[PDB]
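What follows is a short report on a single structure.
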Amino acid sequence: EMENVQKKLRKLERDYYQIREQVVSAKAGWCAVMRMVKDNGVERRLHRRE
Amino acid sequence: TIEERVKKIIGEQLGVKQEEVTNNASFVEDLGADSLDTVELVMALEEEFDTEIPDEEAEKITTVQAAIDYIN
Amino acid sequence: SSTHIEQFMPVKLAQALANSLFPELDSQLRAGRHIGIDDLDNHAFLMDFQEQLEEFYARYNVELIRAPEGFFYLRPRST
Amino acid sequence: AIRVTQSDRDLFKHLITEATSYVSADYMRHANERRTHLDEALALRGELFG
């Protein structure tokens with residue numbers, strides 16, 4: 001059962017790697033907008049949590 | 001090199017200047033990276049050097065000097 | 001139908017140009033005078049037919065402009 | 001006086017409201033996609049470690 005479960009673990013590992021790469025790539029792009037919206041445009045006006 | 005690849009990751013994951021990121025520059029107060037920003041920073045540090053870090057030992061890292069210390 | 005003002009001009013624009021205030025105002029405007037809130041007659045007139053006047057003067061390659069403070073004036077284009 | 005000011009106000013308000021509606025919506029869309037993928041990555045991370 002543990003060997004069979006180590007196979008599910010490995011599937012999860014590969015999935016996790018893929019998701020990791022995708023998340024980092026998203027952040028890299030979003031950084032530019034953050035530096036660009038330092039004009040005090042973001043604090044409340046743009047970031048409407050509602 | 002590792003000691004400048006760390007800067008490569010930190011500057012482009014927090015968007016702060018290369019000059020700002022010194023060895024002792026803490027992420028939260030100096031670089032301004034908050035909870036999710038620091039999470040993404042540690043994830044990027046993991047990806048750059050294709051390694052993995054424990055949860056507690058990773059969260060212990062809260063500075064450029066500490067970042068390199070765990071990296072190197 | 002034919003021989004009908006609408007064929008050549010909007011009714012409101014013709015109505016404005018036929019007003020007794022227009023020649024005075026036109027003359028002045030062309031000379032560069034600014035129009036504020038105190039000269040009621042003129043100001044009110046301007047307000048009533050703003051868009052028609054703007055459209056009209058456009059023919060000349062000049063903008064009839066309204067500053068935020070409520071005063072009208074003429075700004076010529078390069079052409 | 002009224003006739004002036006009322007106009008001015010109408011234009012101000014309309015531009016403001018429509019522009020914020022136009023921009024904030026997509027800004028939040030992006031933020032939410034990034035949040036979602038990060039959350040999935042953290043769940044995968046924790047489950048893998050355990």
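Naming scheme: A, B, ... for chains in displayed order of the structure tokens; residues 1 onward per chain; ligands 1 onward as shown.
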
- Message: Using only C-alpha atoms, I'd like every residue of chain A that has an atom within 8 Å of chain B; please write them out as a PyMOL selection string.
- Response: chain A and resi 20-21+23-24+27-28+31-32+34-35

Next, write the just-selected residues to a file, as a PDB file, in the first residue's frame, keeping N, CA and C atoms as the atom set.
ATOM      1  N   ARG A  20       4.021  25.319  -9.655  1.00  0.00           N
ATOM      2  CA  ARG A  20       5.060  26.220  -9.170  1.00  0.00           C
ATOM      3  C   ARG A  20       5.581  27.113 -10.286  1.00  0.00           C
ATOM      4  N   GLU A  21       5.937  26.503 -11.412  1.00  0.00           N
ATOM      5  CA  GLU A  21       6.455  27.303 -12.514  1.00  0.00           C
ATOM      6  C   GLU A  21       5.426  28.331 -12.971  1.00  0.00           C
ATOM      7  N   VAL A  23       2.974  29.784 -11.325  1.00  0.00           N
ATOM      8  CA  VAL A  23       2.789  30.871 -10.367  1.00  0.00           C
ATOM      9  C   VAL A  23       3.931  31.874 -10.472  1.00  0.00           C
ATOM     10  N   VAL A  24       5.168  31.376 -10.530  1.00  0.00           N
ATOM     11  CA  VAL A  24       6.300  32.300 -10.589  1.00  0.00           C
ATOM     12  C   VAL A  24       6.207  33.156 -11.843  1.00  0.00           C
ATOM     13  N   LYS A  27       3.823  36.047 -11.329  1.00  0.00           N
ATOM     14  CA  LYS A  27       4.346  37.127 -10.493  1.00  0.00           C
ATOM     15  C   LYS A  27       5.307  38.015 -11.266  1.00  0.00           C
ATOM     16  N   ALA A  28       6.162  37.404 -12.086  1.00  0.00           N
ATOM     17  CA  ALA A  28       7.161  38.192 -12.804  1.00  0.00           C
ATOM     18  C   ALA A  28       6.502  39.299 -13.619  1.00  0.00           C
ATOM     19  N   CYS A  31       4.737  42.237 -11.454  1.00  0.00           N
ATOM     20  CA  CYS A  31       5.619  43.214 -10.811  1.00  0.00           C
ATOM     21  C   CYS A  31       5.619  44.571 -11.521  1.00  0.00           C
ATOM     22  N   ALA A  32       5.611  44.569 -12.857  1.00  0.00           N
ATOM     23  CA  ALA A  32       5.677  45.828 -13.594  1.00  0.00           C
ATOM     24  C   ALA A  32       4.485  46.709 -13.270  1.00  0.00           C
ATOM     25  N   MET A  34       2.823  46.656 -10.560  1.00  0.00           N
ATOM     26  CA  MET A  34       2.959  47.193  -9.205  1.00  0.00           C
ATOM     27  C   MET A  34       3.869  48.410  -9.174  1.00  0.00           C
ATOM     28  N   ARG A  35       5.010  48.342  -9.848  1.00  0.00           N
ATOM     29  CA  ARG A  35       5.870  49.521  -9.875  1.00  0.00           C
ATOM     30  C   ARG A  35       5.183  50.691 -10.569  1.00  0.00           C
TER      31      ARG A  35
END

Residues near region 26-37 of chain D, anyone? I mean within 10 Å using only C-alpha atoms, not counting same-chain ones fewer than 3 positions away, as a CSV table (one decimal) with C-alpha atoms, in the first residue's frame.
chain,number,residue,atom,x,y,z
A,19,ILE,CA,1.9,24.8,-10.7
A,20,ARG,CA,5.1,26.2,-9.2
A,22,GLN,CA,3.1,28.8,-13.6
A,23,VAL,CA,2.8,30.9,-10.4
A,24,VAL,CA,6.3,32.3,-10.6
A,25,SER,CA,5.7,33.3,-14.2
A,26,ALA,CA,2.6,35.2,-13.2
A,27,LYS,CA,4.3,37.1,-10.5
A,30,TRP,CA,2.6,41.5,-12.3
A,33,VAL,CA,2.1,46.9,-12.9
A,42,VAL,CA,-4.0,51.3,-6.1
A,46,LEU,CA,-8.2,50.3,-8.0
A,47,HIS,CA,-8.1,47.6,-5.3
A,48,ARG,CA,-11.9,47.4,-4.6
A,49,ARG,CA,-12.0,44.3,-2.4
A,50,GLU,CA,-15.7,44.2,-2.8
B,36,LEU,CA,2.1,36.6,-0.3
D,21,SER,CA,-15.6,50.2,-13.4
D,22,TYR,CA,-13.6,49.5,-16.6
D,23,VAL,CA,-10.2,49.2,-15.0
D,40,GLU,CA,-3.5,25.5,-5.3
D,41,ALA,CA,0.3,25.5,-5.1
D,42,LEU,CA,0.2,25.8,-1.3
D,43,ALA,CA,-2.3,23.0,-0.9

- Task: Could you jot down the CA of residue 44 (chain D) to CA of residue 16 (chain A) separation for me, Å, one decimal place?
- Result: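 Atom-to-atom, CA of residue 44 (chain D) to CA of residue 16 (chain A), that is 5.8 Å.
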
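Of the listed residues C:30, C:66, C:12, C:4, the one whose atoms come nearest to chain D is C:66, with distances taken using only C-alpha atoms.
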
Taking only residues of chain D that have an atom at most 9 Å from an atom of chain B, what is each one's shortest atom pair and its distance in Å to one decimal, using only C-alpha atoms, in chain and number order, as a tab-separated table?
residue	atom	partner	partner_atom	distance
D:35	CA	B:36	CA	8.8
D:38	CA	B:40	CA	8.3
D:46	CA	B:55	CA	8.8
D:49	CA	B:54	CA	8.5

- Message: Excluding residue 9 (chain A) and its own-chain neighbours fewer than 3 positions away, which residues fall within 12 Å of it when counting only C-alpha atoms? Please give them as a list in words.
- Response: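 My reading of the contact set: residues 2, 3, 4, 5, 6, 12, 13, 14, 15 and 16 of chain A; 44, 45, 46, 47, 48, 49 and 50 of chain D.
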
- Message: What are the residues of chain D lining chain C at 8 Å or less? Count only C-alpha atoms, and put the answer as a list in words.
- Response: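 For chain D, the answer reads residues 1, 4 and 8 of chain D.
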
- Please identify all polymer residues within 8 Å of residue 42 (chain C), counting only C-alpha atoms, omitting same-chain residues fewer than 5 positions from it, and present them as a list in words.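 So, after excluding close chain neighbours, the residues are residues 21, 25 and 35 of chain C.
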
- Item | All helix (DSSP H, G or I) residues (DSSP, backbone) inside chain A, as an NGL selection string | :A and (2-36 or 42-46)

- In Å, how far is it from CA of residue 24 (chain B) to CA of residue 7 (chain B)?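 A separation of 12.1 Å between them.
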
- Task: Name all residues at most 8 Å from residue 6 (chain B) (count only C-alpha atoms; drop same-chain ones fewer than 6 positions away) and give them as a list in words.
- Result: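 Using only C-alpha atoms, the neighbours found are residues 45, 64, 67 and 68 of chain B.
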
Mind writing the picked residues with N, CA and C atoms as an mmCIF file, in the first residue's frame?
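Below is the file result14.cif, written as the result:
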data_model
loop_
_atom_site.group_PDB
_atom_site.id
_atom_site.type_symbol
_atom_site.label_atom_id
_atom_site.label_comp_id
_atom_site.auth_asym_id
_atom_site.auth_seq_id
_atom_site.Cartn_x
_atom_site.Cartn_y
_atom_site.Cartn_z
ATOM 1 N N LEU B 45 12.979 31.509 -5.290
ATOM 2 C CA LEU B 45 14.302 31.083 -4.852
ATOM 3 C C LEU B 45 14.453 29.575 -4.980
ATOM 4 N N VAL B 64 17.914 39.157 3.057
ATOM 5 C CA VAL B 64 18.812 38.794 1.965
ATOM 6 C C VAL B 64 19.978 37.976 2.493
ATOM 7 N N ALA B 67 18.627 34.699 3.328
ATOM 8 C CA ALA B 67 18.306 34.015 2.081
ATOM 9 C C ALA B 67 19.543 33.348 1.495
ATOM 10 N N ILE B 68 20.633 34.107 1.351
ATOM 11 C CA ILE B 68 21.856 33.525 0.804
ATOM 12 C C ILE B 68 22.404 32.463 1.749
#

- For residue 64 (chain C), list every protein, DNA or RNA residue within 8 Å, evaluated using only C-alpha atoms, and leave out those in the same chain fewer than 5 positions away; present the list as a PyMOL selection string. chain C and resi 53-54+57-58+72-75

Restricting the output to C-alpha atoms, write the selected residues as a CSV table (one decimal), in the first residue's frame.
chain,number,residue,atom,x,y,z
C,53,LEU,CA,-22.3,77.7,-31.7
C,54,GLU,CA,-19.5,75.2,-31.3
C,57,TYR,CA,-17.5,78.1,-35.5
C,58,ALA,CA,-15.9,74.8,-36.3
C,72,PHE,CA,-16.3,81.2,-22.9
C,73,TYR,CA,-13.6,82.1,-25.4
C,74,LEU,CA,-12.3,81.4,-28.9
C,75,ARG,CA,-9.1,79.3,-29.5
